[PDB]
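Novice: I have a structure here, written as structure tokens, and I will follow up with some questions on it.
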Amino acid sequence: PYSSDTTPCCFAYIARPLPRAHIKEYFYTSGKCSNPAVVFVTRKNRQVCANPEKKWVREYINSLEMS
Ligand SMILES: *C(=O)CNOCCCCC
């Protein structure tokens, strides 16, 4: 019933923590996707899928939220 634009989903999670200093932004993928995910945006503007349940991921989010 709703948006007919594509939206990004994640089908795998990066296995090891990204360097924190290379990440500038994050977002969660749509709740419509089959998997929950954090996407980190790097300073080279790459987008990397990550597991929201991982400690390092939650730590990075808190840090990013902690401007
Ligand atoms: C709202 O329009 C929902 N529609 O679902 C159709 C099933 C696949 C949509 C891509």
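All positions are counted from 1 along the displayed chain.
The backbone N, Cα and C atoms fix where each Cβ goes, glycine too.
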Novice: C9 forms a disulfide with which residue in Swiss-Prot, given the options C33, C49?
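Specialist: Disulfide partner per Swiss-Prot record: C33.
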Novice: Once near-sequence residues are set aside, which residues in the chain of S4 (O-linked glycosylation site), 6 or more away, have Cβ atoms under 8 Å from its Cβ?
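Specialist: The answer is none.
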Novice: Around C9 (disulfide bond), which residues of its chain at least 6 apart sit with Cβ under 8 Å of its Cβ?
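Specialist: Looking at Cβ-Cβ distances below 8 Å from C9 (disulfide bond), excluding near sequence neighbours, one finds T29, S30, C33, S34, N35, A37.
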Novice: Rounded to an integer, what is the Cα-Cα distance in Å between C49 (disulfide bond) and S3 (O-linked glycosylation site)?
Specialist: 22
Novice: How big is the gap, in Å, between the Cα of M66 (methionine sulfoxide) and that of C10 (disulfide bond), rounded to a whole number?
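Specialist: With distance taken Cα to Cα, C10 (disulfide bond) is 25 Å from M66 (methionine sulfoxide).
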Novice: Rounded to a whole angstrom, what is the C-alpha distance between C10 (disulfide bond) and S3 (O-linked glycosylation site)?
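Specialist: The separation of the Cα atoms works out to 18 Å.
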